[PDB]
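Printed here is work-v7.pdb (PDB, C-alpha atoms and all ligand atoms):
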ATOM      1  CA  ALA Q  32       0.000   0.000   0.000  1.00  0.00           C
ATOM      2  CA  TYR Q  33       1.180   3.507  -0.861  1.00  0.00           C
ATOM      3  CA  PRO Q  34       2.449   5.512   2.143  1.00  0.00           C
ATOM      4  CA  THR Q  35       0.593   8.486   3.589  1.00  0.00           C
ATOM      5  CA  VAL Q  36       1.727  11.476   5.581  1.00  0.00           C
ATOM      6  CA  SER Q  37       1.256   9.872   8.983  1.00  0.00           C
ATOM      7  CA  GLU Q  38       3.467   6.915   8.234  1.00  0.00           C
ATOM      8  CA  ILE Q  39       6.619   8.813   7.309  1.00  0.00           C
ATOM      9  CA  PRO Q  40       8.562  11.077   9.711  1.00  0.00           C
ATOM     10  CA  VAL Q  41      10.020  14.299   8.423  1.00  0.00           C
ATOM     11  CA  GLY Q  42      13.508  13.470   7.098  1.00  0.00           C
ATOM     12  CA  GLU Q  43      12.766   9.874   6.011  1.00  0.00           C
ATOM     13  CA  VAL Q  44      12.022   8.751   2.430  1.00  0.00           C
ATOM     14  CA  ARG Q  45      10.003   5.759   1.160  1.00  0.00           C
ATOM     15  CA  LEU Q  46      10.168   4.343  -2.345  1.00  0.00           C
ATOM     16  CA  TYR Q  47       7.198   2.806  -4.073  1.00  0.00           C
ATOM     17  CA  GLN Q  48       7.605   0.604  -7.113  1.00  0.00           C
ATOM     18  CA  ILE Q  49       4.958   1.535  -9.711  1.00  0.00           C
ATOM     19  CA  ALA Q  50       6.500  -0.769 -12.419  1.00  0.00           C
ATOM     20  CA  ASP Q  51       9.709  -2.432 -13.518  1.00  0.00           C
ATOM     21  CA  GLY Q  52      12.324   0.271 -13.688  1.00  0.00           C
ATOM     22  CA  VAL Q  53       9.856   2.796 -12.177  1.00  0.00           C
ATOM     23  CA  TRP Q  54       9.458   4.093  -8.623  1.00  0.00           C
ATOM     24  CA  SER Q  55       7.903   7.070  -6.883  1.00  0.00           C
ATOM     25  CA  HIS Q  56       9.660   8.554  -3.907  1.00  0.00           C
ATOM     26  CA  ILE Q  57       7.573   9.961  -0.995  1.00  0.00           C
ATOM     27  CA  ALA Q  58       8.814  12.410   1.618  1.00  0.00           C
ATOM     28  CA  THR Q  59       7.191  14.689   4.231  1.00  0.00           C
ATOM     29  CA  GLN Q  60       7.868  18.277   5.181  1.00  0.00           C
ATOM     30  CA  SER Q  61       6.506  20.800   7.638  1.00  0.00           C
ATOM     31  CA  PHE Q  62       5.579  23.898   5.689  1.00  0.00           C
ATOM     32  CA  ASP Q  63       3.033  26.427   7.056  1.00  0.00           C
ATOM     33  CA  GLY Q  64       2.556  24.854  10.473  1.00  0.00           C
ATOM     34  CA  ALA Q  65       1.159  21.886   8.540  1.00  0.00           C
ATOM     35  CA  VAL Q  66       2.811  18.540   7.545  1.00  0.00           C
ATOM     36  CA  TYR Q  67       2.570  17.486   3.886  1.00  0.00           C
ATOM     37  CA  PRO Q  68       3.489  14.373   1.930  1.00  0.00           C
ATOM     38  CA  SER Q  69       5.251  14.745  -1.432  1.00  0.00           C
ATOM     39  CA  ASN Q  70       5.959  12.695  -4.499  1.00  0.00           C
ATOM     40  CA  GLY Q  71       8.606  12.380  -7.004  1.00  0.00           C
ATOM     41  CA  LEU Q  72       9.809   9.828  -9.477  1.00  0.00           C
ATOM     42  CA  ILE Q  73      12.770   7.564 -10.209  1.00  0.00           C
ATOM     43  CA  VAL Q  74      13.274   5.908 -13.636  1.00  0.00           C
ATOM     44  CA  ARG Q  75      15.850   3.231 -14.468  1.00  0.00           C
ATOM     45  CA  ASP Q  76      17.958   3.814 -17.645  1.00  0.00           C
ATOM     46  CA  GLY Q  77      20.537   1.103 -18.001  1.00  0.00           C
ATOM     47  CA  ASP Q  78      22.727   0.737 -14.945  1.00  0.00           C
ATOM     48  CA  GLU Q  79      21.675   4.284 -14.094  1.00  0.00           C
ATOM     49  CA  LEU Q  80      18.794   6.297 -12.496  1.00  0.00           C
ATOM     50  CA  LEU Q  81      17.007   9.392 -13.684  1.00  0.00           C
ATOM     51  CA  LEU Q  82      15.433  11.312 -10.694  1.00  0.00           C
ATOM     52  CA  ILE Q  83      12.354  13.429 -11.250  1.00  0.00           C
ATOM     53  CA  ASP Q  84      12.093  16.112  -8.491  1.00  0.00           C
ATOM     54  CA  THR Q  85      13.683  16.423  -5.122  1.00  0.00           C
ATOM     55  CA  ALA Q  86      12.384  15.105  -1.859  1.00  0.00           C
ATOM     56  CA  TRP Q  87      11.555  18.682  -0.686  1.00  0.00           C
ATOM     57  CA  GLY Q  88      14.510  19.663   1.416  1.00  0.00           C
ATOM     58  CA  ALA Q  89      18.226  19.101   1.663  1.00  0.00           C
ATOM     59  CA  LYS Q  90      17.778  16.682   4.582  1.00  0.00           C
ATOM     60  CA  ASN Q  91      15.085  14.715   2.758  1.00  0.00           C
ATOM     61  CA  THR Q  92      17.128  14.629  -0.408  1.00  0.00           C
ATOM     62  CA  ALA Q  93      20.229  13.179   1.201  1.00  0.00           C
ATOM     63  CA  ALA Q  94      17.861  10.655   2.743  1.00  0.00           C
ATOM     64  CA  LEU Q  95      16.394   9.737  -0.629  1.00  0.00           C
ATOM     65  CA  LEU Q  96      19.881   9.182  -2.198  1.00  0.00           C
ATOM     66  CA  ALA Q  97      20.519   6.820   0.712  1.00  0.00           C
ATOM     67  CA  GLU Q  98      17.303   4.876   0.355  1.00  0.00           C
ATOM     68  CA  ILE Q  99      18.021   4.646  -3.376  1.00  0.00           C
ATOM     69  CA  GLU Q 100      21.454   3.268  -2.705  1.00  0.00           C
ATOM     70  CA  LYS Q 101      20.103   0.780  -0.208  1.00  0.00           C
ATOM     71  CA  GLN Q 102      17.075  -0.366  -2.151  1.00  0.00           C
ATOM     72  CA  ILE Q 103      18.168  -0.035  -5.803  1.00  0.00           C
ATOM     73  CA  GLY Q 104      21.961   0.241  -5.757  1.00  0.00           C
ATOM     74  CA  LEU Q 105      22.193   2.087  -9.059  1.00  0.00           C
ATOM     75  CA  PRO Q 106      23.605   5.597  -9.407  1.00  0.00           C
ATOM     76  CA  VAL Q 107      21.421   8.669  -9.878  1.00  0.00           C
ATOM     77  CA  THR Q 108      23.024  10.561 -12.756  1.00  0.00           C
ATOM     78  CA  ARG Q 109      20.492  13.215 -13.729  1.00  0.00           C
ATOM     79  CA  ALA Q 110      17.500  14.951 -12.140  1.00  0.00           C
ATOM     80  CA  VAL Q 111      14.644  16.933 -13.688  1.00  0.00           C
ATOM     81  CA  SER Q 112      12.705  19.459 -11.554  1.00  0.00           C
ATOM     82  CA  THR Q 113       9.160  19.778 -12.921  1.00  0.00           C
ATOM     83  CA  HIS Q 114       8.610  23.370 -11.716  1.00  0.00           C
ATOM     84  CA  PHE Q 115      10.336  26.016  -9.615  1.00  0.00           C
ATOM     85  CA  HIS Q 116       8.735  25.457  -6.154  1.00  0.00           C
ATOM     86  CA  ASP Q 117      10.859  24.283  -3.231  1.00  0.00           C
ATOM     87  CA  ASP Q 118       9.166  20.835  -3.172  1.00  0.00           C
ATOM     88  CA  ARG Q 119      10.671  20.267  -6.647  1.00  0.00           C
ATOM     89  CA  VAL Q 120      14.061  22.040  -6.424  1.00  0.00           C
ATOM     90  CA  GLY Q 121      14.818  22.123  -2.713  1.00  0.00           C
ATOM     91  CA  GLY Q 122      17.670  19.648  -2.243  1.00  0.00           C
ATOM     92  CA  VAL Q 123      19.002  20.405  -5.750  1.00  0.00           C
ATOM     93  CA  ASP Q 124      22.219  21.400  -4.079  1.00  0.00           C
ATOM     94  CA  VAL Q 125      22.550  18.088  -2.245  1.00  0.00           C
ATOM     95  CA  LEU Q 126      22.063  16.407  -5.586  1.00  0.00           C
ATOM     96  CA  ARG Q 127      24.827  18.443  -7.236  1.00  0.00           C
ATOM     97  CA  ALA Q 128      27.276  17.939  -4.390  1.00  0.00           C
ATOM     98  CA  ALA Q 129      26.610  14.288  -5.046  1.00  0.00           C
ATOM     99  CA  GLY Q 130      27.460  14.351  -8.701  1.00  0.00           C
ATOM    100  CA  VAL Q 131      23.944  14.516 -10.053  1.00  0.00           C
ATOM    101  CA  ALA Q 132      23.395  16.659 -13.142  1.00  0.00           C
ATOM    102  CA  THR Q 133      20.216  18.691 -12.426  1.00  0.00           C
ATOM    103  CA  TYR Q 134      17.828  19.775 -15.174  1.00  0.00           C
ATOM    104  CA  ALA Q 135      14.842  22.120 -15.561  1.00  0.00           C
ATOM    105  CA  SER Q 136      13.221  24.081 -18.372  1.00  0.00           C
ATOM    106  CA  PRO Q 137      14.677  27.617 -18.370  1.00  0.00           C
ATOM    107  CA  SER Q 138      11.231  28.978 -17.310  1.00  0.00           C
ATOM    108  CA  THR Q 139      11.932  27.132 -14.073  1.00  0.00           C
ATOM    109  CA  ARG Q 140      15.582  28.121 -13.740  1.00  0.00           C
ATOM    110  CA  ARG Q 141      14.556  31.776 -13.791  1.00  0.00           C
ATOM    111  CA  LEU Q 142      11.481  31.503 -11.584  1.00  0.00           C
ATOM    112  CA  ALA Q 143      13.523  29.399  -9.171  1.00  0.00           C
ATOM    113  CA  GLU Q 144      16.077  32.194  -9.167  1.00  0.00           C
ATOM    114  CA  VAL Q 145      13.601  34.938  -8.381  1.00  0.00           C
ATOM    115  CA  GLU Q 146      11.874  33.073  -5.565  1.00  0.00           C
ATOM    116  CA  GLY Q 147      15.369  32.521  -4.201  1.00  0.00           C
ATOM    117  CA  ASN Q 148      15.136  28.723  -4.442  1.00  0.00           C
ATOM    118  CA  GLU Q 149      17.846  26.343  -5.680  1.00  0.00           C
ATOM    119  CA  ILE Q 150      18.424  26.405  -9.436  1.00  0.00           C
ATOM    120  CA  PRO Q 151      19.003  23.302 -11.613  1.00  0.00           C
ATOM    121  CA  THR Q 152      22.266  23.609 -13.570  1.00  0.00           C
ATOM    122  CA  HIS Q 153      21.128  22.631 -17.051  1.00  0.00           C
ATOM    123  CA  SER Q 154      18.372  23.870 -19.369  1.00  0.00           C
ATOM    124  CA  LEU Q 155      15.825  21.724 -21.122  1.00  0.00           C
ATOM    125  CA  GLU Q 156      15.473  23.312 -24.521  1.00  0.00           C
ATOM    126  CA  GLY Q 157      12.395  22.401 -26.493  1.00  0.00           C
ATOM    127  CA  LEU Q 158       9.372  22.853 -24.249  1.00  0.00           C
ATOM    128  CA  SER Q 159       8.499  26.550 -24.200  1.00  0.00           C
ATOM    129  CA  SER Q 160       5.051  26.139 -25.827  1.00  0.00           C
ATOM    130  CA  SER Q 161       1.965  24.134 -25.084  1.00  0.00           C
ATOM    131  CA  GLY Q 162       1.823  20.631 -26.443  1.00  0.00           C
ATOM    132  CA  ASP Q 163       5.625  20.674 -26.883  1.00  0.00           C
ATOM    133  CA  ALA Q 164       7.282  17.386 -26.111  1.00  0.00           C
ATOM    134  CA  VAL Q 165      10.833  16.134 -26.023  1.00  0.00           C
ATOM    135  CA  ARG Q 166      12.678  12.975 -25.260  1.00  0.00           C
ATOM    136  CA  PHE Q 167      15.025  12.996 -22.231  1.00  0.00           C
ATOM    137  CA  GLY Q 168      16.673   9.773 -21.148  1.00  0.00           C
ATOM    138  CA  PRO Q 169      13.999   7.091 -21.163  1.00  0.00           C
ATOM    139  CA  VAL Q 170      11.003   9.458 -20.753  1.00  0.00           C
ATOM    140  CA  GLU Q 171       9.160  12.210 -22.616  1.00  0.00           C
ATOM    141  CA  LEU Q 172       9.017  15.699 -21.089  1.00  0.00           C
ATOM    142  CA  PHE Q 173       5.702  17.319 -22.039  1.00  0.00           C
ATOM    143  CA  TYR Q 174       4.771  20.911 -21.403  1.00  0.00           C
ATOM    144  CA  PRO Q 175       0.973  21.333 -21.250  1.00  0.00           C
ATOM    145  CA  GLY Q 176       0.707  25.083 -20.738  1.00  0.00           C
ATOM    146  CA  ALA Q 177       0.086  26.977 -17.499  1.00  0.00           C
ATOM    147  CA  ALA Q 178      -1.591  25.091 -14.684  1.00  0.00           C
ATOM    148  CA  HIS Q 179      -0.257  24.629 -11.174  1.00  0.00           C
ATOM    149  CA  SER Q 180       2.365  27.039 -12.504  1.00  0.00           C
ATOM    150  CA  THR Q 181       3.419  28.637 -15.752  1.00  0.00           C
ATOM    151  CA  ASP Q 182       6.373  26.141 -16.006  1.00  0.00           C
ATOM    152  CA  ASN Q 183       4.953  22.787 -14.855  1.00  0.00           C
ATOM    153  CA  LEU Q 184       6.243  19.873 -16.868  1.00  0.00           C
ATOM    154  CA  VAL Q 185       4.793  16.420 -16.788  1.00  0.00           C
ATOM    155  CA  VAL Q 186       6.784  13.308 -17.462  1.00  0.00           C
ATOM    156  CA  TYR Q 187       5.713  10.206 -19.346  1.00  0.00           C
ATOM    157  CA  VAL Q 188       7.439   6.808 -19.270  1.00  0.00           C
ATOM    158  CA  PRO Q 189       6.536   4.832 -22.407  1.00  0.00           C
ATOM    159  CA  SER Q 190       8.310   1.665 -21.309  1.00  0.00           C
ATOM    160  CA  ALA Q 191       5.813   1.415 -18.473  1.00  0.00           C
ATOM    161  CA  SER Q 192       2.885   3.657 -19.488  1.00  0.00           C
ATOM    162  CA  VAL Q 193       3.515   5.806 -16.414  1.00  0.00           C
ATOM    163  CA  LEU Q 194       2.434   9.442 -16.404  1.00  0.00           C
ATOM    164  CA  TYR Q 195       3.734  11.799 -13.694  1.00  0.00           C
ATOM    165  CA  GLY Q 196       1.874  15.125 -13.186  1.00  0.00           C
ATOM    166  CA  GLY Q 197       3.859  16.859 -10.716  1.00  0.00           C
ATOM    167  CA  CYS Q 198       1.707  19.223  -8.825  1.00  0.00           C
ATOM    168  CA  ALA Q 199      -0.337  19.874 -11.918  1.00  0.00           C
ATOM    169  CA  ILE Q 200      -2.322  16.703 -11.172  1.00  0.00           C
ATOM    170  CA  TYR Q 201      -4.262  16.286  -7.961  1.00  0.00           C
ATOM    171  CA  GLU Q 202      -4.747  12.989  -6.222  1.00  0.00           C
ATOM    172  CA  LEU Q 203      -8.255  11.606  -6.289  1.00  0.00           C
ATOM    173  CA  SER Q 204      -8.812  12.165  -2.541  1.00  0.00           C
ATOM    174  CA  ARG Q 205      -8.189  15.901  -2.861  1.00  0.00           C
ATOM    175  CA  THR Q 206     -11.241  18.121  -2.412  1.00  0.00           C
ATOM    176  CA  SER Q 207      -9.779  21.542  -2.697  1.00  0.00           C
ATOM    177  CA  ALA Q 208      -7.017  23.389  -4.429  1.00  0.00           C
ATOM    178  CA  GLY Q 209      -3.468  23.791  -3.205  1.00  0.00           C
ATOM    179  CA  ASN Q 210      -0.989  26.606  -3.600  1.00  0.00           C
ATOM    180  CA  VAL Q 211      -2.643  28.767  -6.288  1.00  0.00           C
ATOM    181  CA  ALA Q 212      -0.462  31.828  -5.889  1.00  0.00           C
ATOM    182  CA  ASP Q 213       1.424  30.990  -9.131  1.00  0.00           C
ATOM    183  CA  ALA Q 214      -1.360  29.202 -10.969  1.00  0.00           C
ATOM    184  CA  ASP Q 215      -3.611  30.261 -13.830  1.00  0.00           C
ATOM    185  CA  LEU Q 216      -6.873  28.460 -13.199  1.00  0.00           C
ATOM    186  CA  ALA Q 217      -8.550  29.423 -16.456  1.00  0.00           C
ATOM    187  CA  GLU Q 218      -6.060  27.571 -18.659  1.00  0.00           C
ATOM    188  CA  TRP Q 219      -5.315  24.790 -16.150  1.00  0.00           C
ATOM    189  CA  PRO Q 220      -8.377  22.827 -17.342  1.00  0.00           C
ATOM    190  CA  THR Q 221      -7.286  23.158 -20.951  1.00  0.00           C
ATOM    191  CA  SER Q 222      -3.699  22.203 -20.186  1.00  0.00           C
ATOM    192  CA  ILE Q 223      -5.088  19.034 -18.607  1.00  0.00           C
ATOM    193  CA  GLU Q 224      -6.830  18.675 -21.959  1.00  0.00           C
ATOM    194  CA  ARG Q 225      -3.540  18.621 -23.894  1.00  0.00           C
ATOM    195  CA  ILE Q 226      -2.226  16.016 -21.481  1.00  0.00           C
ATOM    196  CA  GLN Q 227      -5.315  13.872 -22.055  1.00  0.00           C
ATOM    197  CA  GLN Q 228      -4.658  13.991 -25.815  1.00  0.00           C
ATOM    198  CA  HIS Q 229      -0.970  13.235 -25.828  1.00  0.00           C
ATOM    199  CA  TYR Q 230      -0.984  10.398 -23.318  1.00  0.00           C
ATOM    200  CA  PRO Q 231      -4.211   8.387 -23.743  1.00  0.00           C
ATOM    201  CA  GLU Q 232      -2.487   5.074 -23.209  1.00  0.00           C
ATOM    202  CA  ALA Q 233      -1.270   6.095 -19.721  1.00  0.00           C
ATOM    203  CA  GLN Q 234      -1.869   3.248 -17.306  1.00  0.00           C
ATOM    204  CA  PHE Q 235      -0.482   5.005 -14.236  1.00  0.00           C
ATOM    205  CA  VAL Q 236      -0.836   8.606 -13.183  1.00  0.00           C
ATOM    206  CA  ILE Q 237       1.186   9.854 -10.240  1.00  0.00           C
ATOM    207  CA  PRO Q 238       0.070  13.142  -8.631  1.00  0.00           C
ATOM    208  CA  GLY Q 239       2.583  15.491  -7.172  1.00  0.00           C
ATOM    209  CA  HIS Q 240       1.139  14.690  -3.689  1.00  0.00           C
ATOM    210  CA  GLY Q 241      -0.745  11.573  -2.632  1.00  0.00           C
ATOM    211  CA  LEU Q 242      -1.831   8.326  -4.202  1.00  0.00           C
ATOM    212  CA  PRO Q 243      -1.443   7.320  -7.813  1.00  0.00           C
ATOM    213  CA  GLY Q 244      -4.339   6.089  -9.870  1.00  0.00           C
ATOM    214  CA  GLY Q 245      -5.274   6.185 -13.562  1.00  0.00           C
ATOM    215  CA  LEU Q 246      -6.260   8.955 -15.977  1.00  0.00           C
ATOM    216  CA  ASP Q 247      -9.304   9.718 -13.839  1.00  0.00           C
ATOM    217  CA  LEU Q 248      -7.034  11.971 -11.772  1.00  0.00           C
ATOM    218  CA  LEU Q 249      -7.020  14.165 -14.861  1.00  0.00           C
ATOM    219  CA  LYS Q 250     -10.737  14.915 -14.928  1.00  0.00           C
ATOM    220  CA  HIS Q 251     -10.852  14.848 -11.155  1.00  0.00           C
ATOM    221  CA  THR Q 252      -8.144  17.501 -11.183  1.00  0.00           C
ATOM    222  CA  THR Q 253     -10.154  19.670 -13.490  1.00  0.00           C
ATOM    223  CA  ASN Q 254     -13.256  19.179 -11.381  1.00  0.00           C
ATOM    224  CA  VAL Q 255     -11.353  20.455  -8.337  1.00  0.00           C
ATOM    225  CA  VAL Q 256      -9.900  23.383 -10.293  1.00  0.00           C
ATOM    226  CA  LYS Q 257     -13.333  24.454 -11.594  1.00  0.00           C
ATOM    227  CA  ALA Q 258     -14.960  24.351  -8.156  1.00  0.00           C
ATOM    228  CA  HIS Q 259     -12.234  26.578  -6.823  1.00  0.00           C
ATOM    229  CA  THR Q 260     -12.803  29.172  -9.482  1.00  0.00           C
ATOM    230  CA  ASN Q 261     -16.629  29.140  -9.475  1.00  0.00           C
ATOM    231  CA  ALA Q 262     -16.438  29.885  -5.679  1.00  0.00           C
TER     232      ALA Q 262
HETATM  233  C1  LIG Y 301       0.625  20.637  -1.946  1.00  0.00           C
HETATM  234  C2  LIG Y 301       0.823  21.854  -2.441  1.00  0.00           C
HETATM  235  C3  LIG Y 301       1.619  22.930  -1.645  1.00  0.00           C
HETATM  236  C4  LIG Y 301       3.015  22.424  -1.520  1.00  0.00           C
HETATM  237  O1  LIG Y 301       3.047  21.840  -2.827  1.00  0.00           O
HETATM  238  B1  LIG Y 301       3.500  22.867  -3.670  1.00  0.00           B
HETATM  239  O2  LIG Y 301       4.391  22.243  -4.898  1.00  0.00           O
HETATM  240  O3  LIG Y 301       2.542  24.143  -4.268  1.00  0.00           O
HETATM  241  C5  LIG Y 301       4.418  23.629  -2.759  1.00  0.00           C
HETATM  242  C6  LIG Y 301       5.356  24.485  -3.239  1.00  0.00           C
HETATM  243  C7  LIG Y 301       6.128  25.147  -2.383  1.00  0.00           C
HETATM  244  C8  LIG Y 301       5.923  25.008  -1.054  1.00  0.00           C
HETATM  245  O4  LIG Y 301       6.816  25.832  -0.379  1.00  0.00           O
HETATM  246  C9  LIG Y 301       6.373  27.160  -0.626  1.00  0.00           C
HETATM  247  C10 LIG Y 301       5.063  27.496  -1.027  1.00  0.00           C
HETATM  248  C11 LIG Y 301       4.689  28.822  -1.220  1.00  0.00           C
HETATM  249  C12 LIG Y 301       5.619  29.816  -1.007  1.00  0.00           C
HETATM  250  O5  LIG Y 301       5.269  31.152  -1.209  1.00  0.00           O
HETATM  251  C13 LIG Y 301       5.441  32.009  -0.115  1.00  0.00           C
HETATM  252  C14 LIG Y 301       6.907  29.491  -0.618  1.00  0.00           C
HETATM  253  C15 LIG Y 301       7.280  28.178  -0.422  1.00  0.00           C
HETATM  254  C16 LIG Y 301       4.938  24.154  -0.516  1.00  0.00           C
HETATM  255  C17 LIG Y 301       4.148  23.430  -1.485  1.00  0.00           C
HETATM  256  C18 LIG Y 301       0.182  22.070  -3.793  1.00  0.00           C
HETATM  257  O6  LIG Y 301      -0.507  21.142  -4.303  1.00  0.00           O
HETATM  258  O7  LIG Y 301       0.294  23.154  -4.392  1.00  0.00           O
HETATM  259 ZN    ZN Y 302       3.640  20.412  -4.650  1.00  0.00          ZN
END

Kindly present the structure from the file in structure tokens form.
Amino acid sequence: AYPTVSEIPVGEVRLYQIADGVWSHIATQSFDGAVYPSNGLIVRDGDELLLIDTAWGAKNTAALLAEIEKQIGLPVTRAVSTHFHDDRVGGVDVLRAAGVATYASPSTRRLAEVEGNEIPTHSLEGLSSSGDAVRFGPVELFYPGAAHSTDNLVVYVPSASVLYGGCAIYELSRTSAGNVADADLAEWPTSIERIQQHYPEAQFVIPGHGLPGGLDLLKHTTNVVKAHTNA
């Protein structure tokens, strides 16, 4: 069973195998007096790991490199951050100290820089317009347009039919919207449209927080987003 916020102390990381060669990683952090779970992804590429997103924090990110070593024993060589918030780029520095090459669209690198977060080293050319898609290691990086943020990328894994939303995709259990400071809620439902078109074979969808399910999360996410905006 997938882990939830109550089962994981701040500073510890769990790994959940979605598929052969494919894992989420789940951490917890204390943010605005509250305690939140958080997802990211790990994809096997040869004798090598691609890491999608930090574990939200330097401490949590060292911990995730350690659980990866213990449970998988392959080296993390690159990381992609799927937008500029601290739950996606915080720990980037631990990853770079460790030899990981860190990536992000240049939207992200800039926004990260303004907010004063940690900045991935390398730019992902090729995504600066909706529906754009590019291959990066064994996944496709797809840019759906503004949603959660102006820069959110989602990640698809064709080998396994695994779609990863980042925070642009809400878990099914979610009733209400999250951080909307940097969102554009009018397009968000159409960006989820583009996703739906590109990736209709997706057998697994992994929200940026909470439990994975199928492509129902997509409509469910748009449901949630519309409620918020009609209130
Ligand atoms: C679950 C969440 C909130 C949690 O997830 B998240 O990716 O928006 C996120 C981003 C950054 C977070 O740290 C900050 C948030 C706002 C801020 O501005 C002052 C400064 C730091 C916390 C979260 C969600 O679904 O949006
Ligand atoms: Zn988030």

Target residues per the PyMOL selection byres (((not hetatm)) within 6 of (chain Y and resi 302)), formatted as a PyMOL selection string: chain Q and resi 118+198+239

Selection as number ranges by chain: residues within 7 Å of ligand LIG 301 (chain Y) by all atoms listed in the file: Q: 62, 67, 116-119, 179, 198, 208-211, 240

Proximity to residue Q:255 - best of Q:199, Q:86, Q:81, Q:125, only C-alpha atoms: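 When distances to residue Q:255 are compared using only C-alpha atoms, the smallest one comes from Q:199.
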
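For the atom pair formed by atom CA of residue Q:65 and atom CA of residue Q:33, the distance is 20.6 Å, given to one decimal.
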
Nearest-residue call for residue Q:189, choices Q:244, Q:52, Q:176, Q:88, using all atoms listed in the file: Q:52

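Proximity of Q:205, Q:225, Q:109, Q:141 to residue Q:254, computed with only C-alpha atoms, is greatest for Q:205.
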
Protein/DNA/RNA residues near (0.6, 15.9, -24.0), cut 10 Å, all atoms listed in the file, as an MDAnalysis selection string: chainID Q and resid 161:164 171:176 184:187 222:231

Can you write out the residues you just picked, keeping C-alpha atoms, as a PDB file, in the frame of the given file?
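The resulting result15.pdb:
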ATOM      1  CA  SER Q 161       1.965  24.134 -25.084  1.00  0.00           C
ATOM      2  CA  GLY Q 162       1.823  20.631 -26.443  1.00  0.00           C
ATOM      3  CA  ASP Q 163       5.625  20.674 -26.883  1.00  0.00           C
ATOM      4  CA  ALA Q 164       7.282  17.386 -26.111  1.00  0.00           C
ATOM      5  CA  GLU Q 171       9.160  12.210 -22.616  1.00  0.00           C
ATOM      6  CA  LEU Q 172       9.017  15.699 -21.089  1.00  0.00           C
ATOM      7  CA  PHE Q 173       5.702  17.319 -22.039  1.00  0.00           C
ATOM      8  CA  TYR Q 174       4.771  20.911 -21.403  1.00  0.00           C
ATOM      9  CA  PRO Q 175       0.973  21.333 -21.250  1.00  0.00           C
ATOM     10  CA  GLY Q 176       0.707  25.083 -20.738  1.00  0.00           C
ATOM     11  CA  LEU Q 184       6.243  19.873 -16.868  1.00  0.00           C
ATOM     12  CA  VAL Q 185       4.793  16.420 -16.788  1.00  0.00           C
ATOM     13  CA  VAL Q 186       6.784  13.308 -17.462  1.00  0.00           C
ATOM     14  CA  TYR Q 187       5.713  10.206 -19.346  1.00  0.00           C
ATOM     15  CA  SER Q 222      -3.699  22.203 -20.186  1.00  0.00           C
ATOM     16  CA  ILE Q 223      -5.088  19.034 -18.607  1.00  0.00           C
ATOM     17  CA  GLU Q 224      -6.830  18.675 -21.959  1.00  0.00           C
ATOM     18  CA  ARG Q 225      -3.540  18.621 -23.894  1.00  0.00           C
ATOM     19  CA  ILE Q 226      -2.226  16.016 -21.481  1.00  0.00           C
ATOM     20  CA  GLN Q 227      -5.315  13.872 -22.055  1.00  0.00           C
ATOM     21  CA  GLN Q 228      -4.658  13.991 -25.815  1.00  0.00           C
ATOM     22  CA  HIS Q 229      -0.970  13.235 -25.828  1.00  0.00           C
ATOM     23  CA  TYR Q 230      -0.984  10.398 -23.318  1.00  0.00           C
ATOM     24  CA  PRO Q 231      -4.211   8.387 -23.743  1.00  0.00           C
TER      25      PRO Q 231
END

Explicit residues for the PyMOL selection byres (((chain Q and resi 77-80) around 7) and not hetatm) (as a list in words):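 Output from the PyMOL selection byres (((chain Q and resi 77-80) around 7) and not hetatm), applied to this file: residues 73, 74, 75, 76, 81, 82, 105, 106, 107 and 108 of chain Q.
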
Okay, now the selection with C-alpha atoms, as a PDB file, keeping the file's coordinate frame?
ATOM      1  CA  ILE Q  73      12.770   7.564 -10.209  1.00  0.00           C
ATOM      2  CA  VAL Q  74      13.274   5.908 -13.636  1.00  0.00           C
ATOM      3  CA  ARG Q  75      15.850   3.231 -14.468  1.00  0.00           C
ATOM      4  CA  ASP Q  76      17.958   3.814 -17.645  1.00  0.00           C
ATOM      5  CA  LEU Q  81      17.007   9.392 -13.684  1.00  0.00           C
ATOM      6  CA  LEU Q  82      15.433  11.312 -10.694  1.00  0.00           C
ATOM      7  CA  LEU Q 105      22.193   2.087  -9.059  1.00  0.00           C
ATOM      8  CA  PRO Q 106      23.605   5.597  -9.407  1.00  0.00           C
ATOM      9  CA  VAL Q 107      21.421   8.669  -9.878  1.00  0.00           C
ATOM     10  CA  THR Q 108      23.024  10.561 -12.756  1.00  0.00           C
TER      11      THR Q 108
END
